[PDB]
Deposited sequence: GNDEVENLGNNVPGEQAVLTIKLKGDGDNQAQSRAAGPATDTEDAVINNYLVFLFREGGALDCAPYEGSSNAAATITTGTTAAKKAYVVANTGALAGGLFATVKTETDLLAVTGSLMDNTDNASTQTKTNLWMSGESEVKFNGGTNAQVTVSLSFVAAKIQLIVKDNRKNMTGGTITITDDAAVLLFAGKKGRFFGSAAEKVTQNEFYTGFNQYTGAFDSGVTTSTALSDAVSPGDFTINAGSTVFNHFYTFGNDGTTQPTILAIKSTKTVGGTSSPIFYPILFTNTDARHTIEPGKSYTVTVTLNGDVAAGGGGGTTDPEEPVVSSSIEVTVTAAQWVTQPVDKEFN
């Protein structure tokens, strides 16, 4: 492929969403973005463009040799960032970001800053001017939890259960901005919100407090209105190494023994009937029942093994998580 510079060009880049069948449309703010332009042979056509909080850029440092435009939003300044050493298209296609910052306990993904990426062909048709529209998609997936609690006598009896947290176990660590759909869901490193249970999977696993949301008395009710308790952002995970698991983690006390118990859902084809894909929004409804004081509604000791019980009813639905980029 040709990598020689062409004549000076003017490129107008327009950023838009990936919308237009269950759909979760998310108004996502573009805080900043980077635009990479590449020639036919993969060379940079010019230094990457650093954009602010907008959806339009005029690039005049490039040439008529530009063939592809890649856009990454909300990763911050170019220098010292994930893309600072990108020299070619092959380099950019391999860049990955982590789900957590270097403390391991704070997410790179927040409601006010979600990574988005997209790409487009650049066409000049013999001219020196090009109009390029790039549709952005979320790099992450979103998981929401709805709890319908029909358990009775959780306190006051012989057996007591105290719910402690909604936790995400084995969140995929790697966020691929580009590459194949298969590459985006392959993981061999993970973060986990809780790991103090017998036989917890630990190969390439790091604990993260960002993957545990505390439960307080009064938070869980019959919830006739199906209100959402919390949500987590995570990356793609086909579960071929370890599936992602959403659970309620609780403490069961019987006489002189307290132990962790779980009300979990495995994101596998056989349990949830869904693995985790980027750009999807999962709604998990967990209906709990049983007379706790009488031995019912006790969950499971191993959240990594599928649960077959009348006491836990789980529905998992997946919707397209659509970007609606705003300034």
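**Q** If you line up the deposited sequence with the model, which stretches have no C-alpha coordinates?
**A** Residues lacking C-alpha coordinates: 1 to 8, 29 to 37, 345 to 348.
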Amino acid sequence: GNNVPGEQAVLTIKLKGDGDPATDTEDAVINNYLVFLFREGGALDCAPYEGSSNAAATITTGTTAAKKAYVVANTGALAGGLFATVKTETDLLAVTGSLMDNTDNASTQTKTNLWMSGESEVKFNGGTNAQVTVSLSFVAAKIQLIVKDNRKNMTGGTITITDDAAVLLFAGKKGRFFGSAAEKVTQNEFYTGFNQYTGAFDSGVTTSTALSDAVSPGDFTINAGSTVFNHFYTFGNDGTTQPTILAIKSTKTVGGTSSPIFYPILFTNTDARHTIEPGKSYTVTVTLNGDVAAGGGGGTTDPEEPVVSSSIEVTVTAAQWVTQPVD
From here on, numbers count along this sequence of modelled residues.
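**Q** Highest mean C-alpha temperature factor of the two stretches 54 to 62 and 282 to 290, which is it?
**A** Looking at the recorded C-alpha B-factors, 54 to 62 comes out higher on average.
**Q** Give the stretch, out of 219 to 227 and 180 to 188, with the larger mean C-alpha temperature factor in the deposited entry.
**A** Averaging CA B-factors over each stretch, the winner is 219 to 227.
**Q** Maximum C-alpha temperature factor per the entry, among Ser250, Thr257, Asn74, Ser107, belongs to which one?
**A** Highest C-alpha B-factor among the listed options: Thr257.
**Q** Report the option among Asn195, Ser120, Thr128, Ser212 whose CA atom has the maximum B-factor in the deposited record.
**A** Top of the list by C-alpha B-factor: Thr128.
**Q** Using the B-factor values recorded in the entry, state whether the Cα atom of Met154 falls in the lowest, middle or highest third among the modelled residues of its chain.
**A** Highest third.
**Q** Pull the Cα B-factor of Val308 out of the PDB entry and bin it into the chain's lowest, middle or highest third.
**A** Highest third.
**Q** Lowest, middle or highest third of the chain for the C-alpha temperature factor of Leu93?
**A** Tercile = middle for this residue's CA B-factor.
**Q** Check where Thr301 lands among this chain's C-alpha B-factors and tell me if it's the lowest, middle or highest third.
**A** Highest third - that is where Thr301 ends up once the chain's C-alpha B-factors are sorted.
**Q** Per the entry's values, where does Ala79 land by CA temperature factor relative to the rest of its chain, in the lowest, middle or highest third?
**A** It falls in the top third of the chain.
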